[PDB]
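Engineer: Input: one structure, supplied below.
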Amino acid sequence: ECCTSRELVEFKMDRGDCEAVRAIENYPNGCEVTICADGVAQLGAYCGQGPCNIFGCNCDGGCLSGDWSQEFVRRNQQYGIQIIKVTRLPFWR
């Protein structure tokens, strides 16, 4: 399968700042981040556990796993993540 799915998440924080959760400032609309299924900011070209093929598929270890924006909130409990918007990419099909 392909590790091309990701989410664009806009949120506010009760504690900490956007950088603490590897997000970027989007003042005056909070923070924005692009995550993989593990609820962590995307760190490669795709959301594989490791490298992917030319299409973003057949990645080493398959795709990062988890419950998406819900996991982003969960793992960042200490910051109090207030979700505003979530967009699933690829959006169109």
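We number each residue from 1, going along the chain as drawn.
Backbone N, Cα and C define each Cβ position, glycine as well.
Heads up, here are the entries from Swiss-Prot:
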DISULFID  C2-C57  disulfide bond
DISULFID  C3-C63  disulfide bond
DISULFID  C18-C31  disulfide bond
DISULFID  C36-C47  disulfide bond
DISULFID  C52-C59  disulfide bond
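How buried are the listed features, and what sits near them?
Structural biologist: Sequence-distant neighbours of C57 (disulfide bond) (same chain, six or more apart, CB under 8 Å from its CB) are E1, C2, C3, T4, listed in sequence order.
Mapped onto three states, the DSSP output places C18 (disulfide bond) in helix.
Secondary structure from DSSP puts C47 (disulfide bond) in coil. The Cβ neighbour count for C47 (disulfide bond), using a 10 Å radius and every protein chain shown, is 26.
The 10 Å shell around the Cβ of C59 (disulfide bond) contains 21 further Cβ atoms across the protein chains shown.
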Engineer: I want to check the contact list for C36 (disulfide bond): same chain, sequence separation of six or more, C-beta distance under 8 angstroms. What comes out?
Structural biologist: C3, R6, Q42, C47, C63, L64, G66
Engineer: Near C52 (disulfide bond), which residues of its chain come within a Cβ-Cβ distance under 8 Å, counting only those 6 or more away in sequence?
Structural biologist: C2, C3, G44, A45, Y46, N58, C59, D60
Engineer: Between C2, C3, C18, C31, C63, which of the disulfide-bonded residues has the fewest other CB atoms within 10 angstroms in the structure shown?
Structural biologist: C2
Engineer: By the DSSP assignment reduced to helix, strand and coil, which category contains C2 (disulfide bond)?
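Structural biologist: Looking at the DSSP assignment, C2 (disulfide bond) belongs to a strand.
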